[PDB]
Amino acid sequence: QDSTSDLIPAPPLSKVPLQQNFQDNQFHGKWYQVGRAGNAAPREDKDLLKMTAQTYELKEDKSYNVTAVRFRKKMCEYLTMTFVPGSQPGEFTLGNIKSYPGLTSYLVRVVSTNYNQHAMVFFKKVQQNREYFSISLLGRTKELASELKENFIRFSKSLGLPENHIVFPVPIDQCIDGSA
Ligand SMILES: [Y+3]
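All residue numbers in the sequence shown are consecutive under PDB author numbering, ending with 180.
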């Protein structure tokens, strides 16, 4: 007993650049997820199209405590995960993976960034032995130059993803900034 799935395969990592000479101190702080792409099934619930935000807090041990917030079903929802430096600067694994049920593999790779406007970051993970990947386009503001968005689309297609697996969330006020 169980289940079936059909997923676009994760690309070979030779298709996924790594930011040269990654600077963890320059990367820390608040980012908006201005574009999202991945092999997971796109979801209908229109409320999910709202932009979310993340905070990368660099710790003394060089790990980040990463907090995301989204405005969902009238609530601010918060999720904090720990990113441990991986094999190469700009890569990370997941701290305390035993406490994520059904999650057996997790990898983060920063593809490119100029640290004070934008970033693209690649994620790959195995959740109930299905392989997912995603890419995020991060902005220091909630809006990004069109060319950055066009670059993000082309890079996502190059990894085998079609347009319908690529989205630009709608900016919002609730939760991701907070209060006047
Ligand atoms: Y996410």
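Quick reminder that beta carbons are idealized off the backbone N, C-alpha and C, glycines included.
Should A68 be counted as a contact of ligand 1 given a C-beta to heavy atom distance under 7 Å? Here residue 68 corresponds to residue number 68 of the sequence shown, with the count starting at 1. Short note on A68: C-beta closer than 7 Å to some heavy atom of ligand 1.
Do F123 and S134 have their C-beta atoms closer together than 8 Å? As a working mapping, residue 123 is identified with position 123 in the sequence shown. As a working mapping, residue 134 is identified with position 134 in the sequence shown. The answer is yes: Cβ separation under 8 Å.
Measure the Cβ-Cβ separation of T52 and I176 and say whether it is below 8 Å. Locating residue 52 in the sequence shown gives position 52, counting from the first residue. Locating residue 176 in the sequence shown gives position 176, counting from the first residue. Their beta carbons are under 8 Å apart, which means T52 touches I176 by this criterion.
Can you name the start and end residues of the alpha helix (DSSP H) that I153 belongs to? Here the question's residue 153 lines up with position 153 in the sequence shown. For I153, the enclosing alpha helix (DSSP H) begins and ends at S146 to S158.
Selection from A10, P162 and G90 that minimises the alpha carbon distance to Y115: Here residue 115 corresponds to residue number 115 of the sequence shown, with the count starting at 1. With distances taken between Cα atoms, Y115 lies closest to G90.
Kindly indicate which three-state DSSP category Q26 falls into: helix, strand or coil? Along the sequence shown, read from residue 1 onward, the residue named residue 26 stands at position 26. In the structure shown, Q26 sits in a helix (DSSP, three-state: H, G or I).
Between which residues of its own chain and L94 is the CB-CB distance below 6 Å, once the five residues before and five after are set aside? Counting from 1 along the sequence shown, the entry for residue 94 is found at position 94. Counting only Cβ-Cβ distances below 6 Å, and skipping sequence neighbours, we find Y106.
Within this structure, are the beta carbons of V69 and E77 separated by less than 8 Å? As a working note, residue 69 is residue 69 in the sequence shown. As a working note, residue 77 is residue 77 in the sequence shown. Contact: yes.
Straight-line Cα distance separating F71 from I172: By 1-based counting over the sequence shown, the position of residue 172 is 172. By 1-based counting over the sequence shown, the position of residue 71 is 71. Taking the straight line joining both Cα atoms gives about 9 Å.
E60 versus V84: straight-line alpha-carbon distance, rounded: For the purposes of this step, residue 60 is identified with residue 60 of the sequence shown, where counting begins at 1. For the purposes of this step, residue 84 is identified with residue 84 of the sequence shown, where counting begins at 1. Whole-angstrom Cα-Cα distance: 12 Å.
Beta-carbon proximity check, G139 vs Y64, cutoff 8 Å: Translated into the one-based positions of the sequence shown, residue 139 becomes position 139. Translated into the one-based positions of the sequence shown, residue 64 becomes position 64. Going by C-beta atoms, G139 is not nearer than 8 Å to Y64.
Can you tell me where the beta strand (DSSP E) with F83 in it begins and where it stops? Within the sequence shown, numbered from 1, the residue matching residue 83 stands at position 83. Counting along the chain, the unbroken beta strand (DSSP E) around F83 starts and ends at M75 to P85.
Unbroken beta strand (DSSP E) runs of length 3 or more, entirely within the stretch 29–66: which are they? 29–38 and 53–58
From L7, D6 and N39, residue whose alpha carbon lies closest to that of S156: Here the question's residue 156 lines up with position 156 in the sequence shown. Here the closest residue by C-alpha is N39.
If you compare alpha carbons, which of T82, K74, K73 and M75 is closest to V66? Here residue 66 corresponds to residue number 66 of the sequence shown, with the count starting at 1. Nearest option by C-alpha distance: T82.
Does the distance from the C-beta atom of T104 to that of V126 stay below 8 Å? In the sequence shown, residue 104 corresponds to position 104, counting from 1. In the sequence shown, residue 126 corresponds to position 126, counting from 1. Yes. Within cutoff.
On the DSSP letters alone, give me the boundaries of the beta strand (DSSP E) that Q127 sits inside. Here residue 127 corresponds to residue number 127 of the sequence shown, with the count starting at 1. First-last of the beta strand (DSSP E) with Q127: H118 to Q127.
Have a look at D47 and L137 and give me their C-alpha separation to the nearest angstrom. Here residue 47 corresponds to residue number 47 of the sequence shown, with the count starting at 1. Here residue 137 corresponds to residue number 137 of the sequence shown, with the count starting at 1. If you take the alpha carbons of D47 and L137, they lie about 19 Å apart.
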